[PDB]
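Chemist: Before we start, here is the structure in question, set down as structure tokens.
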Amino acid sequence: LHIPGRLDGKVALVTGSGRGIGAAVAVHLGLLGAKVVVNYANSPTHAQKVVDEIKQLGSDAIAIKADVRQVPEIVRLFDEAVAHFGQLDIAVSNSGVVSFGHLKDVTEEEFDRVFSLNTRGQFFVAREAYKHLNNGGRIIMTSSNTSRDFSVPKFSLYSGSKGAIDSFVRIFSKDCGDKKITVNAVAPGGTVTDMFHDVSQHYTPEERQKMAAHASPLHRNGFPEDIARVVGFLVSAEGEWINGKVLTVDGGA
Amino acid sequence: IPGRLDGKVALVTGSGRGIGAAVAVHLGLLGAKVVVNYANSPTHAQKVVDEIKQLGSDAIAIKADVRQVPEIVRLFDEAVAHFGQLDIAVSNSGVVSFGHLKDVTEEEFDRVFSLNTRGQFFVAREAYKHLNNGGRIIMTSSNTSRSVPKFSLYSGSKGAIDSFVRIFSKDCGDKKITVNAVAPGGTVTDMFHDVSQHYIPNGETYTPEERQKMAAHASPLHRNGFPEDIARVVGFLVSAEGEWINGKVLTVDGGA
Amino acid sequence: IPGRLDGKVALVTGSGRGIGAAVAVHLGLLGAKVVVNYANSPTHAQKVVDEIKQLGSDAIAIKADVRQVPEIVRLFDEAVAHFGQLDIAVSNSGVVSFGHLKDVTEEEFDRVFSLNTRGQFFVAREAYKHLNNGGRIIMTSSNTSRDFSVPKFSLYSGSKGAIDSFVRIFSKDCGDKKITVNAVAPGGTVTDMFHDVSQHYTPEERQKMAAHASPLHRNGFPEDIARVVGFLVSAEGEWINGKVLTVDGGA
Amino acid sequence: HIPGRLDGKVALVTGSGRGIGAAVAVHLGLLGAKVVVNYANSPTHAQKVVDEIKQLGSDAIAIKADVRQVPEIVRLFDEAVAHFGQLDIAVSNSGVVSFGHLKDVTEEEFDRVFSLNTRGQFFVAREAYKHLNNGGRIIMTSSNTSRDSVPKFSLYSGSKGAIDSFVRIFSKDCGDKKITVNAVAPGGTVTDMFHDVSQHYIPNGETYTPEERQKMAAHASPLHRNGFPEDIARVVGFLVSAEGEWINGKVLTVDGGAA
Ligand SMILES: NC(=O)c1ccc[n+]([C@@H]2O[C@H](COP(=O)([O-])OP(=O)(O)OC[C@H]3O[C@@H](n4cnc5c(N)ncnc54)[C@H](OP(=O)(O)O)[C@@H]3O)[C@@H](O)[C@H]2O)c1
Ligand SMILES: NC(=O)c1ccc[n+]([C@@H]2O[C@H](COP(=O)([O-])OP(=O)(O)OC[C@H]3O[C@@H](n4cnc5c(N)ncnc54)[C@H](OP(=O)(O)O)[C@@H]3O)[C@@H](O)[C@H]2O)c1
Ligand SMILES: NC(=O)c1ccc[n+]([C@@H]2O[C@H](COP(=O)([O-])OP(=O)(O)OC[C@H]3O[C@@H](n4cnc5c(N)ncnc54)[C@H](OP(=O)(O)O)[C@@H]3O)[C@@H](O)[C@H]2O)c1
Ligand SMILES: NC(=O)c1ccc[n+]([C@@H]2O[C@H](COP(=O)([O-])OP(=O)(O)OC[C@H]3O[C@@H](n4cnc5c(N)ncnc54)[C@H](OP(=O)(O)O)[C@@H]3O)[C@@H](O)[C@H]2O)c1
Ligand SMILES: O=C(CBr)c1ccc(Br)cc1O
Ligand SMILES: O=C(CBr)c1ccc(Br)cc1O
Ligand SMILES: O=C(CBr)c1ccc(Br)cc1O
Ligand SMILES: O=C(CBr)c1ccc(Br)cc1O
């Protein structure tokens, strides 16, 4: 009885996996039988619950605090991961922040807060992933359906921050080929997390939420484990021949 | 189990050979009962069926030429008759064409579009009609839609598919059926081989395998695409785990 | 002179009424001689021809069903016969179709594709064969090919997605006579077709709600699509080649 | 008829000292616009462009500003309105090219590219919106490699994909002033930047003359020729005209039909 997309005796790291989409990727890869490094930066207990979750279903994990806005903290994060589990097969760039505002009101402090994590951060996560990763490995980065599909106004700073991700992946896949490493991006849609709720107020968390379901031909919201399942396939052996691509997981939204 | 289709029934057009075949075998290995459609290759159709039984699923092989819209309806009513239900339809059948616009006859257009564009349209259609709720539709395109020369006619036949799927996914939502396309690129079959001989300044001079190996250099993974490479993306897409991929075109080429 | 077409001859399919009449009047305005192609509406076409005569450019009406290839061949033979040259060729003629995928018929698909897709391909081919060196080919798509996905618009959208793939490759084939190929992909240009899809109240009221879609707060008119077409097929538009230009004003 | 002329309009182009920007700025002048020739390090060529524009019956002025420093950007737009009294058109053109494998790419090298190409352009568009007449025009410059694959080109190509995403949303925001925002995505326009990129992506570039590698890239165009600054400037011309209005929020690629 053939079991697909498994990751047994493979190590995976997932920036900002304490809560939200990243935490499901952390678990899924754990379920499909990867050992998992669960990076957080502000949510220490949240991360220890994800380490706990992955252990209960028969694989190992350690949480590692790191601000991935800080390239040396990223060097240490990858340096520490390989120190612990011995190697690293999978690196998922998940960590991100949202911003809202009309072009006229967007400040220098605000451009940077956003770009420092979502774009520079993810790029430098990807850098140390290539240096630290084994041959046949997997980088995965997170964009947004807004990058180019969705056209939310007063969403320019955020969308641009992920538009750069869209352009990194097709080229990274050329560069990363000489360690036989595939690079792909996932562009989630409206995944239900603390972030989705902060961007719906633009009332109740769930009342707002109940509108977005009436917009997917599948009449439900996207949830973190809907994106996780697409990253699990992509970091599997099976899905090696998807390379340099931005997958969009929105449900037809 | 994740990625498995235990209890599910599928149908794959042009699954006697090439990507078609590898799709059918993969769906089987995942737990699906596979309908295997051919139009000219019953021997390989019957081999595909037999390989699907051996690994311990079930299959039949119903002859049907998907240019003929009544042969498509029959293909599907017979699909539902033999296994009882249909969950999954994979529109895969296709022909390549080559030529400069200046030398493209009517006959050559009608040949290419009747199967690649129109045929696939009325597979998607008779899929929606015949499918259980929560089911799955896949159509096959090419990475060359959105630029090798003398490749207009075929290229545009698949650009139409890239357009259809986004809308279909709107239409098809009311039975919660997801519709996506795969845009394969450089996959080792008689179609890839008959192509490599045209878009390589030597072509007939070199050997299919010598050409095949030239193209291996193109991928940053430094290898060739094989039907099992594509089969696996479809399988995920038609798993319940692939649900939240909907209305999209996945190019599977290896960075090419 | 800026993007003027003084000394050129153009041909526009379905230029009797619609964006085409406007592309025809526009290429006229910029000093081109214009073949005006109709199939069903000679009285409209005659209005266009006069309006191009009336701002001091020559023009003719030629009946041709761009679904019948033989008639495409005659139209291009006769156009070169009259003006002795053809520099620009605009594939405009198209039809609209609504329906859930479950309802679409072989007949409906073939009514659409015959003209929207297959017709445009063969206008394009015949353009290549008759066109002077350094000439121009425009094909007509929709912002729905890809950009937007409306329910029950699958057939039409497909018809124009085919076009998007054609122009990229066409631009390479046609470059062996230094001819550039592009599509403009309109997006709600007020016309007789808009009023159909608009319907799916009065026309003018179904437009006032349409206005709110553009961040420029206004709908689209043939001139909006025509100015772009005039640029692409000018000398100065040469370096735009093998492209789709979605003219929607935001939408 | 005299079509897309910009008579009585005022325009600003960043880095209109050399390359594309200059041809952009000479084009707007030729089309009747009064032009503000921004530059950071090339004051003489900037001045030659102002004189070349004054020569064809319009007016121009060179302002110095480094569009890496956001306060120099505000100073640039404040000064430009001060001199000519208004501004209709804003062309974010300034940019740099970088080559390197992800691994070799550094913090310093990364900030160097993003601070001008991405951050710079964003804030040129912020201040343009704040200074521009209603009915005006924002253009940003992108690249045909942002999404249209070239090795050791991630950092450059990245910097520009951010622009593509920016112009689609800028179109909406800028709509409350009936302002069209659009990007041009140039290909390999012959410039000192093209020659620096023809040196790296050619079998043995330094063993070749810039013209040699040029002729080589020409054989790759369906138009058997190299694109030139005037080829992009002609397209910018259309976009910023009354007539180009219904192209809003899109990214146009001017490449001659290939790389
Ligand atoms: N609807 C959506 O959610 C949606 C849609 C499109 C794209 N995305 C993208 O999906 C990704 C994740 O979204 P989400 O919904 O999961 O977000 P979220 O719930 O707000 O969670 C944020 C995650 O980011 C981590 N993080 C933030 N700043 C960090 C830093 N400097 N260093 C390390 N980690 C940091 C957080 O960990 P700590 O709490 O430990 O800081 C947390 O795990 C983001 O890139 C987002 O843009 C999401
Ligand atoms: N290989 C590639 O590189 C590549 C790249 C892009 C896209 N594709 C697409 O992938 C699909 C598979 O092609 P392939 O590579 O597998 O090539 P292939 O080996 O040529 O396969 C052709 C398949 O098409 C079926 N077919 C042909 N005419 C048919 C008809 N009237 N009715 C039903 N089925 C018919 C054939 O069945 P019989 O011959 O048995 O009748 C055969 O199984 C096609 O959609 C193709 O356009 C392939
Ligand atoms: N209008 C829009 O909002 C919109 C949006 C996206 C795309 N488009 C595209 O824009 C183009 C023009 O559409 P429109 O809005 O101007 O449409 P329209 O008002 O319906 O005009 C149709 C034009 O097509 C011609 N035509 C139809 N069938 C023909 C045939 N067999 N042979 C020759 N000519 C034929 C008509 O001429 P006869 O009357 O002589 O038959 C008429 O000139 C079309 O290709 C359409 O698909 C339009
Ligand atoms: N040429 C191509 O092949 C090509 C292809 C695709 C895209 N592009 C893009 O098109 C644009 C034009 O490139 P190009 O070929 O014209 O390049 P170029 O010859 O290098 O010209 C560079 C321009 O950038 C300006 N610049 C540099 N740093 C600046 C700063 N801090 N502030 C203001 N201006 C600054 C320069 O002015 P100073 O003299 O003052 O530095 C000069 O005007 C760039 O955005 C480029 O990325 C070019
Ligand atoms: O991207 C996000 C959250 Br960061 C998003 C939110 C709401 C909707 Br409706 C669509 C979206 O793409
Ligand atoms: O279409 C085919 C073979 Br039918 C194809 C082959 C190789 C590449 Br790279 C792209 C393609 O689209
Ligand atoms: O398709 C049509 C008319 Br055929 C259309 C109408 C309105 C808008 Br907004 C976009 C469109 O594409
Ligand atoms: O942008 C650059 C380097 Br500035 C470029 C050069 C040549 C070609 Br072909 C495409 C490009 O995008």
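Ligands are numbered from 1 in the order shown, residues from 1 within each chain, and chains are lettered A, B, ... in the order they appear in the structure tokens.
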Quick check: residues of chain B within 9 Å of chain D, only C-alpha atoms, returned as a list in words.

Modeler: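 Contact residues on the first chain: residues 147, 255 and 256 of chain B.
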
Chemist: Could you write out the selected residues, including N, CA, C and O atoms, as a PDB file, in the first residue's frame?

Modeler:
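Saved as again-v2.pdb:
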```pdb
ATOM      1  N   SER B 147       8.444  30.600 -25.812  1.00  0.00           N
ATOM      2  CA  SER B 147       8.009  31.176 -27.113  1.00  0.00           C
ATOM      3  C   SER B 147       8.927  30.717 -28.267  1.00  0.00           C
ATOM      4  O   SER B 147       9.364  31.588 -29.047  1.00  0.00           O
ATOM      5  N   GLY B 255      12.423  24.189 -13.899  1.00  0.00           N
ATOM      6  CA  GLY B 255      13.214  25.431 -14.033  1.00  0.00           C
ATOM      7  C   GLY B 255      13.566  25.717 -15.479  1.00  0.00           C
ATOM      8  O   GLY B 255      13.864  26.870 -15.790  1.00  0.00           O
ATOM      9  N   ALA B 256      13.493  24.716 -16.333  1.00  0.00           N
ATOM     10  CA  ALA B 256      13.850  24.770 -17.780  1.00  0.00           C
ATOM     11  C   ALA B 256      14.182  26.197 -18.228  1.00  0.00           C
ATOM     12  O   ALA B 256      13.276  26.876 -18.670  1.00  0.00           O
TER      13      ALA B 256
END
```

Chemist: Please identify every residue of chain B that has at least one atom no farther than 6 Å from an atom of chain A, counting only C-alpha atoms, and for each give the shortest atom pair and the distance in Å to one decimal, arranged by chain then increasing number, as CSV.

Modeler:
```
residue,atom,partner,partner_atom,distance
B:170,CA,A:217,CA,5.5
B:173,CA,A:217,CA,4.4
B:176,CA,A:218,CA,5.3
B:220,CA,A:177,CA,4.4
B:221,CA,A:177,CA,5.1
B:229,CA,A:241,CA,5.9
B:241,CA,A:229,CA,5.8
B:244,CA,A:251,CA,4.6
B:245,CA,A:249,CA,4.9
B:246,CA,A:251,CA,4.7
B:247,CA,A:252,CA,5.2
B:252,CA,A:242,CA,4.6
B:253,CA,A:241,CA,5.8
B:254,CA,A:241,CA,4.5
B:255,CA,A:243,CA,5.0
```

Chemist: Keeping only N, CA, C and O atoms, write the selected residues to a file as a CSV table (one decimal), in the first residue's frame.

Modeler:
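Resulting contents of selection.csv:
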```
chain,number,residue,atom,x,y,z
B,170,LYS,N,-15.1,28.6,-11.4
B,170,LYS,CA,-16.3,29.4,-11.0
B,170,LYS,C,-17.5,28.6,-11.2
B,170,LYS,O,-18.1,28.2,-10.2
B,173,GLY,N,-17.8,25.2,-9.1
B,173,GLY,CA,-17.9,25.3,-7.6
B,173,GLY,C,-19.2,24.8,-7.0
B,173,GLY,O,-19.2,24.4,-5.9
B,176,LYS,N,-18.9,21.8,-5.7
B,176,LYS,CA,-17.5,21.8,-5.1
B,176,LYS,C,-16.6,20.9,-5.9
B,176,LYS,O,-15.9,20.1,-5.2
B,220,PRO,N,18.0,23.3,-14.6
B,220,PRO,CA,19.0,23.4,-13.5
B,220,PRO,C,19.2,22.1,-12.7
B,220,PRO,O,20.2,22.0,-12.0
B,221,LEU,N,18.2,21.3,-12.7
B,221,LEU,CA,18.3,20.0,-12.0
B,221,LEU,C,19.2,19.1,-12.9
B,221,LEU,O,19.6,18.0,-12.5
B,229,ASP,N,6.9,12.4,-13.4
B,229,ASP,CA,7.1,13.7,-12.9
B,229,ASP,C,5.7,14.5,-12.8
B,229,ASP,O,5.5,15.2,-11.8
B,241,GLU,N,-6.2,16.7,-0.4
B,241,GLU,CA,-5.1,17.5,0.2
B,241,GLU,C,-4.8,18.7,-0.8
B,241,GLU,O,-4.2,19.7,-0.4
B,244,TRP,N,-7.2,23.2,-2.1
B,244,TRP,CA,-7.1,24.7,-2.0
B,244,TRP,C,-6.3,25.2,-3.2
B,244,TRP,O,-6.3,26.4,-3.4
B,245,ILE,N,-5.7,24.3,-4.0
B,245,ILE,CA,-5.3,24.7,-5.4
B,245,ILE,C,-6.5,24.5,-6.3
B,245,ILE,O,-6.9,23.4,-6.6
B,246,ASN,N,-7.1,25.7,-6.8
B,246,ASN,CA,-8.3,25.7,-7.6
B,246,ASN,C,-8.3,26.9,-8.6
B,246,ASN,O,-7.9,28.0,-8.2
B,247,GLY,N,-8.6,26.6,-9.9
B,247,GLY,CA,-8.7,27.7,-10.9
B,247,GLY,C,-7.3,28.1,-11.5
B,247,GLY,O,-7.3,29.0,-12.3
B,252,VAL,N,5.0,22.4,-14.8
B,252,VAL,CA,5.9,21.5,-14.2
B,252,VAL,C,7.0,21.2,-15.2
B,252,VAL,O,6.7,20.5,-16.2
B,253,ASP,N,8.2,21.8,-15.0
B,253,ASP,CA,9.2,21.8,-16.1
B,253,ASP,C,10.6,21.7,-15.5
B,253,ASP,O,11.6,21.4,-16.2
B,254,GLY,N,10.8,21.9,-14.2
B,254,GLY,CA,12.1,21.8,-13.5
B,254,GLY,C,13.0,23.0,-13.6
B,254,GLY,O,14.2,22.9,-13.3
B,255,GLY,N,12.4,24.2,-13.9
B,255,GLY,CA,13.2,25.4,-14.0
B,255,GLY,C,13.6,25.7,-15.5
B,255,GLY,O,13.9,26.9,-15.8
```

Chemist: Counting only C-alpha atoms and all ligand atoms, what residues are within 9 Å of ligand 5, given as number ranges by chain?

Modeler: A: 97-99, 143-147, 149-152, 158-159, 187-193, 195-200, 209, 211-213, 215, 250, 253

Chemist: Could you please take those selected residues and save N, CA and C atoms as a JSON list (two decimals), in the first residue's frame?

Modeler:
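So selection-v5.json came out as:
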```json
[["chain", "number", "residue", "atom", "x", "y", "z"],
["A", 97, "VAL", "N", 4.95, 40.09, 7.81],
["A", 97, "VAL", "CA", 4.07, 41.10, 8.47],
["A", 97, "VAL", "C", 3.22, 41.80, 7.40],
["A", 98, "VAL", "N", 2.02, 42.26, 7.78],
["A", 98, "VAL", "CA", 1.10, 42.97, 6.84],
["A", 98, "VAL", "C", 1.12, 44.47, 7.10],
["A", 99, "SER", "N", 0.78, 45.27, 6.09],
["A", 99, "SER", "CA", 0.71, 46.74, 6.24],
["A", 99, "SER", "C", -0.45, 47.25, 5.39],
["A", 143, "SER", "N", 4.62, 34.19, -0.71],
["A", 143, "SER", "CA", 4.21, 35.50, -1.29],
["A", 143, "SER", "C", 2.77, 35.82, -0.89],
["A", 144, "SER", "N", 1.94, 36.25, -1.84],
["A", 144, "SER", "CA", 0.52, 36.58, -1.60],
["A", 144, "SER", "C", -0.21, 36.57, -2.94],
["A", 145, "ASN", "N", -1.50, 36.25, -2.95],
["A", 145, "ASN", "CA", -2.29, 36.31, -4.21],
["A", 145, "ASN", "C", -2.40, 37.78, -4.61],
["A", 146, "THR", "N", -2.12, 38.68, -3.68],
["A", 146, "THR", "CA", -2.22, 40.13, -3.93],
["A", 146, "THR", "C", -1.02, 40.59, -4.76],
["A", 147, "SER", "N", 0.10, 39.88, -4.64],
["A", 147, "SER", "CA", 1.32, 40.26, -5.38],
["A", 147, "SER", "C", 0.90, 40.72, -6.77],
["A", 149, "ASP", "N", -2.19, 38.77, -8.73],
["A", 149, "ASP", "CA", -3.61, 38.40, -8.95],
["A", 149, "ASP", "C", -4.51, 39.42, -8.24],
["A", 150, "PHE", "N", -4.74, 39.24, -6.94],
["A", 150, "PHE", "CA", -5.57, 40.19, -6.16],
["A", 150, "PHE", "C", -5.00, 41.60, -6.31],
["A", 151, "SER", "N", -5.87, 42.61, -6.39],
["A", 151, "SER", "CA", -5.42, 44.02, -6.54],
["A", 151, "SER", "C", -6.02, 44.88, -5.43],
["A", 152, "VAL", "N", -5.62, 44.63, -4.18],
["A", 152, "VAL", "CA", -6.17, 45.39, -3.02],
["A", 152, "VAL", "C", -5.50, 46.77, -2.97],
["A", 158, "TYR", "N", 2.65, 46.07, 1.06],
["A", 158, "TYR", "CA", 2.61, 44.61, 1.34],
["A", 158, "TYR", "C", 2.83, 43.84, 0.03],
["A", 159, "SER", "N", 2.02, 44.11, -0.99],
["A", 159, "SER", "CA", 2.01, 43.39, -2.31],
["A", 159, "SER", "C", 3.38, 43.45, -2.99],
["A", 187, "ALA", "N", 1.85, 31.31, -2.59],
["A", 187, "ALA", "CA", 1.19, 32.61, -2.44],
["A", 187, "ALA", "C", -0.16, 32.32, -1.81],
["A", 188, "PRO", "N", -0.29, 32.38, -0.48],
["A", 188, "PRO", "CA", -1.55, 32.03, 0.13],
["A", 188, "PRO", "C", -2.60, 33.07, -0.24],
["A", 189, "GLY", "N", -3.88, 32.77, 0.01],
["A", 189, "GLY", "CA", -4.96, 33.73, -0.27],
["A", 189, "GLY", "C", -5.40, 34.48, 0.98],
["A", 190, "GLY", "N", -6.48, 34.02, 1.62],
["A", 190, "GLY", "CA", -6.97, 34.66, 2.86],
["A", 190, "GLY", "C", -6.97, 33.67, 4.02],
["A", 191, "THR", "N", -5.82, 33.05, 4.28],
["A", 191, "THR", "CA", -5.71, 32.02, 5.36],
["A", 191, "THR", "C", -6.18, 32.59, 6.70],
["A", 192, "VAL", "N", -7.00, 31.83, 7.44],
["A", 192, "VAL", "CA", -7.54, 32.30, 8.75],
["A", 192, "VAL", "C", -6.45, 32.26, 9.83],
["A", 193, "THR", "N", -5.90, 33.42, 10.19],
["A", 193, "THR", "CA", -4.86, 33.53, 11.25],
["A", 193, "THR", "C", -5.03, 34.88, 11.94],
["A", 195, "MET", "N", -3.25, 37.40, 11.33],
["A", 195, "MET", "CA", -2.97, 38.34, 10.22],
["A", 195, "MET", "C", -4.26, 38.60, 9.42],
["A", 196, "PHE", "N", -4.93, 37.55, 8.94],
["A", 196, "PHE", "CA", -6.19, 37.66, 8.17],
["A", 196, "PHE", "C", -7.20, 38.52, 8.92],
["A", 197, "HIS", "N", -7.26, 38.41, 10.23],
["A", 197, "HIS", "CA", -8.24, 39.19, 11.03],
["A", 197, "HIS", "C", -7.85, 40.68, 11.06],
["A", 198, "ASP", "N", -6.55, 40.99, 11.09],
["A", 198, "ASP", "CA", -6.07, 42.39, 11.15],
["A", 198, "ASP", "C", -6.27, 43.07, 9.79],
["A", 199, "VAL", "N", -6.38, 42.29, 8.73],
["A", 199, "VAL", "CA", -6.55, 42.83, 7.35],
["A", 199, "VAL", "C", -8.02, 42.76, 6.94],
["A", 200, "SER", "N", -8.87, 42.08, 7.71],
["A", 200, "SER", "CA", -10.32, 42.06, 7.40],
["A", 200, "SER", "C", -10.95, 43.35, 7.94],
["A", 209, "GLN", "N", -14.90, 37.31, 8.58],
["A", 209, "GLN", "CA", -14.49, 35.96, 8.08],
["A", 209, "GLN", "C", -15.63, 35.34, 7.25],
["A", 211, "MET", "N", -17.75, 36.55, 5.39],
["A", 211, "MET", "CA", -17.95, 37.18, 4.06],
["A", 211, "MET", "C", -16.99, 36.56, 3.05],
["A", 212, "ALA", "N", -15.74, 36.35, 3.45],
["A", 212, "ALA", "CA", -14.71, 35.83, 2.53],
["A", 212, "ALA", "C", -15.04, 34.41, 2.05],
["A", 213, "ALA", "N", -15.77, 33.64, 2.83],
["A", 213, "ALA", "CA", -16.17, 32.30, 2.37],
["A", 213, "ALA", "C", -17.07, 32.43, 1.15],
["A", 215, "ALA", "N", -16.91, 33.87, -1.29],
["A", 215, "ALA", "CA", -16.10, 34.41, -2.40],
["A", 215, "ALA", "C", -15.24, 33.30, -3.01],
["A", 250, "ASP", "N", -5.71, 29.73, -3.14],
["A", 250, "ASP", "CA", -6.80, 30.66, -2.73],
["A", 250, "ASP", "C", -8.18, 30.01, -2.89],
["A", 253, "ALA", "N", -10.67, 31.98, -5.24],
["A", 253, "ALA", "CA", -11.16, 33.21, -4.56],
["A", 253, "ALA", "C", -11.17, 34.39, -5.52]]
```

Chemist: Can you tell me which residues come within 7 Å of ligand 4 when counting only C-alpha atoms and all ligand atoms, ideally as JSON, numbers by chain?

Modeler: {"D": [14, 15, 16, 17, 18, 19, 20, 21, 38, 39, 40, 41, 42, 65, 66, 67, 68, 93, 94, 95, 96, 97, 116, 117, 141, 142, 143, 144, 185, 186, 187, 188, 189, 190, 191, 192, 193, 194]}

Chemist: Output the contact residues of chain C with respect to chain B at a cut-off of 8 Å, based on only C-alpha atoms, as a ChimeraX atom specification.

Modeler: /C:69,100-102,106,109,118,125-126,128-129,144-146,149-155,157-166,168-170,172-173

Chemist: Using only C-alpha atoms, what table do you get, as a tab-separated table, when you list each residue of chain D with an atom no more than 6 Å from chain C, its nearest pair of atoms, and their distance in Å rounded to one decimal, rows by chain then rising number?

Modeler:
```
residue	atom	partner	partner_atom	distance
D:172	CA	C:215	CA	5.4
D:175	CA	C:215	CA	4.6
D:178	CA	C:216	CA	5.1
D:222	CA	C:175	CA	4.4
D:223	CA	C:178	CA	5.3
D:231	CA	C:239	CA	5.8
D:234	CA	C:236	CA	5.7
D:243	CA	C:227	CA	5.9
D:246	CA	C:249	CA	4.3
D:247	CA	C:247	CA	5.1
D:248	CA	C:249	CA	4.8
D:249	CA	C:250	CA	5.8
D:254	CA	C:240	CA	5.0
D:256	CA	C:239	CA	4.4
D:257	CA	C:241	CA	4.9
```

Chemist: Among the residues of stretch 118-249 of chain A, find those DSSP assigns to strand (DSSP E or B) from the backbone and print them as an mmCIF file with C-alpha atoms, in the first residue's frame.

Modeler:
```cif
data_model
loop_
_atom_site.group_PDB
_atom_site.id
_atom_site.type_symbol
_atom_site.label_atom_id
_atom_site.label_comp_id
_atom_site.auth_asym_id
_atom_site.auth_seq_id
_atom_site.Cartn_x
_atom_site.Cartn_y
_atom_site.Cartn_z
ATOM 1 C CA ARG A 138 14.061 22.256 -0.893
ATOM 2 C CA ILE A 139 13.692 26.017 -0.349
ATOM 3 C CA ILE A 140 10.068 27.316 -0.192
ATOM 4 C CA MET A 141 9.116 31.034 0.154
ATOM 5 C CA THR A 142 5.730 32.704 0.892
ATOM 6 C CA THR A 182 14.404 23.255 -5.977
ATOM 7 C CA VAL A 183 13.043 26.753 -5.054
ATOM 8 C CA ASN A 184 9.242 27.410 -5.321
ATOM 9 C CA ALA A 185 6.964 30.018 -3.624
ATOM 10 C CA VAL A 186 3.445 29.555 -2.114
ATOM 11 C CA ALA A 187 1.192 32.611 -2.438
ATOM 12 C CA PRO A 188 -1.547 32.033 0.131
ATOM 13 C CA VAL A 246 4.713 30.572 -7.606
ATOM 14 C CA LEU A 247 1.749 28.287 -6.654
ATOM 15 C CA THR A 248 -1.343 30.294 -5.633
ATOM 16 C CA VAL A 249 -3.557 28.614 -3.005
#
```

Chemist: Excluding stretch 19-36 of chain B and any residue of its chain fewer than 6 positions from it, enumerate the residues within 7 Å of it, using only C-alpha atoms, and give them as a PDB file with C-alpha atoms, in the first residue's frame.

Modeler:
```
ATOM      1  CA  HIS A   2       2.068   2.962  -1.409  1.00  0.00           C
TER       2      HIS A   2
ATOM      3  CA  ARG B   4      -4.439   8.623  -1.446  1.00  0.00           C
ATOM      4  CA  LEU B   5      -7.744   8.207  -3.465  1.00  0.00           C
ATOM      5  CA  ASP B   6      -9.008   4.916  -1.806  1.00  0.00           C
ATOM      6  CA  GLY B   7     -12.723   4.387  -2.846  1.00  0.00           C
ATOM      7  CA  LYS B   8     -12.445   7.103  -5.589  1.00  0.00           C
ATOM      8  CA  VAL B   9     -13.075   6.421  -9.336  1.00  0.00           C
ATOM      9  CA  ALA B  10     -11.124   8.432 -12.021  1.00  0.00           C
ATOM     10  CA  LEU B  11     -11.141   8.752 -15.874  1.00  0.00           C
ATOM     11  CA  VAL B  12      -8.059   9.852 -17.935  1.00  0.00           C
ATOM     12  CA  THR B  13      -8.371  10.610 -21.704  1.00  0.00           C
ATOM     13  CA  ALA B  45      -4.355   0.721 -23.171  1.00  0.00           C
ATOM     14  CA  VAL B  48      -1.918   0.104 -18.576  1.00  0.00           C
ATOM     15  CA  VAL B  49      -5.198  -1.559 -17.286  1.00  0.00           C
ATOM     16  CA  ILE B  52      -3.231  -1.069 -12.548  1.00  0.00           C
ATOM     17  CA  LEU B  55      -0.594  -3.273  -8.022  1.00  0.00           C
ATOM     18  CA  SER B  57      -6.637  -1.332  -7.891  1.00  0.00           C
ATOM     19  CA  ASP B  58      -9.184  -1.914 -10.750  1.00  0.00           C
ATOM     20  CA  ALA B  59      -9.357  -0.482 -14.320  1.00  0.00           C
ATOM     21  CA  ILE B  60     -11.262  -0.857 -17.653  1.00  0.00           C
ATOM     22  CA  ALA B  61     -10.280   0.587 -21.079  1.00  0.00           C
ATOM     23  CA  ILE B  62     -13.158   2.193 -23.118  1.00  0.00           C
ATOM     24  CA  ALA B  79     -17.536   5.298 -17.013  1.00  0.00           C
ATOM     25  CA  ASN B  92      -4.865  14.640 -21.182  1.00  0.00           C
ATOM     26  CA  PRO B 227       5.616  11.200 -17.387  1.00  0.00           C
ATOM     27  CA  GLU B 228       5.834  10.131 -13.665  1.00  0.00           C
ATOM     28  CA  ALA B 231       1.554  12.144 -12.885  1.00  0.00           C
ATOM     29  CA  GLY B 235      -2.237  13.006  -8.162  1.00  0.00           C
TER      30      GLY B 235
END
```
